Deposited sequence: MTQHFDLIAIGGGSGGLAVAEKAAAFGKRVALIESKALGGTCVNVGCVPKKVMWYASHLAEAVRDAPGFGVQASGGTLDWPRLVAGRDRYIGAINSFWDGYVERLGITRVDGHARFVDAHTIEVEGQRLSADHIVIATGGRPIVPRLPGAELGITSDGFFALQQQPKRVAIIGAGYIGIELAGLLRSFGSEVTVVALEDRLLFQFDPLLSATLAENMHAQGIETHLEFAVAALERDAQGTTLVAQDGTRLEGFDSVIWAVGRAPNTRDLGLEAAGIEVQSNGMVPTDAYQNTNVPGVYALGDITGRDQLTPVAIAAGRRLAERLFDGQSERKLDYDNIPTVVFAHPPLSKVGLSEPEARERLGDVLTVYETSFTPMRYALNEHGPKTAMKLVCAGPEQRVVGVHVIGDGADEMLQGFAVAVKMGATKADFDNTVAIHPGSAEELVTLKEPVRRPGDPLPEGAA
């Protein structure tokens, strides 16, 4: 009730990770969770999406099979969801049991700080030497007229039936992944975005290639399209832009970012520093401004990814409970995959970023090609790759790929980039043939040198 070494607020990626490691160092751990263990990722994030992603991968596969002489003949969405939910349910079940197995005290409900070192959960108060905030986020629904006519990614994973005509508002990760899933399943898919290109945070080569692939797949896009309101039309719902432009959808999905769950956490009661956008500032070691209070995962405003939350959690527990006083996560060169169809992946800096952060010091290599996966198909999606290099030695500061296999391609490259790999390091590595990844180690002439 006061004798806990650790209270982890939130049983998602970060909370589970720090609770787990702490418990393994023989600490007394309390874990607070208002909903289901596993958090966003297991329930409404990474896992349901990747399961649905395989279904779309397999659907593309049955379309392309006759081209290779494989005689194949459409989605049963209820069966997909049922299978997906059984699988997700099993991971929830694992975690429920694992937490009990570790000896962690689970507390159901919504935790709020009551002071610098105590929380209250449905009237019950609990103190600890260390309180870790890992409450994650939730999808943003804009304060616009008729915004409630649209659903979010949470709503997407709740859908019991496949919608026929979809509008996706936002072209970040989830907007693009949702678009690719649904079009692959044969829905009409339009995506709209504020920006002049899809996947704005990513390198212009990936953005451009993705657009081509998406256009080729029949996905309608509208760039520089600000949604002013959503309205009800004759059997369906309509998007209304700034200028008055109208768009008959049976589903409109808001994919315009996520907000941190820090609104009534009692942070002011505890004197915890928090930004106007709800992000909780931390140092490199997840320390907030209040000693004994830490934040990790999405609410910290750094790379919004599951393995980032986990790693941040494990290292924090190592720091606090294993006397590894200098232990921290490195937030440079975190690899990521966007599960489009075909998917994309990157580690490190895009060209514009590297040009921002470093000078006119960039040597940039790139290539485009149709992979052998589509050799016997009519119009396969193009693969595109860019190596961003910096300095005379050509340190590789960015690796960017879009195309078949990209989802499994960059993990090892992330290792090399973290080790400070140069172009030479890549080039002295013998290719694997035949495949796509070999293209990253056989780039010859650069497209841009310092001066461009």
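Visitor: Could you please spell out the deposited residue ranges that have no C-alpha entry in the coordinates?
Guide: Coordinates drop out over 1, 75 to 76, 251, 457 to 463.
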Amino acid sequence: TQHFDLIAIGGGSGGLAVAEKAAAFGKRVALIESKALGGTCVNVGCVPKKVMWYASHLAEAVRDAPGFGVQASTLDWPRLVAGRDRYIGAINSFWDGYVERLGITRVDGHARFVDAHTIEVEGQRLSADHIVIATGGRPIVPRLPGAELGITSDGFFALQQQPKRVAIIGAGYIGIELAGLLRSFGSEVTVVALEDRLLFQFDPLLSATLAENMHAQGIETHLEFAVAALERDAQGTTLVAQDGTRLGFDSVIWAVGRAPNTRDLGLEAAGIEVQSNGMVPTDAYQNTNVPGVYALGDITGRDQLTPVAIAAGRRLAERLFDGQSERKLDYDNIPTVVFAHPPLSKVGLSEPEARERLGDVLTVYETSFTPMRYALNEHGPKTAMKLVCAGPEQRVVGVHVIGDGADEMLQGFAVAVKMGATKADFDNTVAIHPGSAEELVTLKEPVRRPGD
From here on, numbers count along this sequence of modelled residues.
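Visitor: Going by the mean C-alpha B-factor recorded in the entry, which is higher: 231 to 239 or 185 to 193?
Guide: Comparing averages over the C-alpha atoms only gives 231 to 239.
Visitor: Averaged over C-alpha atoms, is the B-factor higher for 34 to 42 or for 383 to 391 in this PDB entry?
Guide: Mean C-alpha B-factor is greater for 34 to 42.
Visitor: By the entry's C-alpha temperature factors, tell me which of 289, 135, 74, 286 sits highest.
Guide: Among 289, 135, 74, 286, the highest C-alpha B-factor in the entry belongs to 74.
Visitor: Lowest, middle or highest third: where is residue 213 by C-alpha B factor in its chain?
Guide: As the PDB entry reports it, the C-alpha B-factor of residue 213 lands in the middle third of its chain.
Visitor: Quick one: classify residue 19 as lowest, middle or highest third of the chain based on its Cα B-factor.
Guide: Middle third, going by the recorded CA B-factors of the chain.
Visitor: Please say which third, lowest, middle or highest, residue 47 falls into when its CA temperature factor is compared across its chain.
Guide: For residue 47, the deposited C-alpha B-factor lands in the highest third.
Visitor: Would you check the entry's CA temperature factor for residue 264 and let me know if it's in the chain's lowest, middle or highest third?
Guide: For residue 264, whose C-alpha B-factor we compare with every modelled residue in the chain, the answer is the highest third.
Visitor: Name the third of the chain's ranked CA B-factors that contains residue 377, choosing lowest, middle or highest.
Guide: CA B-factor rank for residue 377: highest third.
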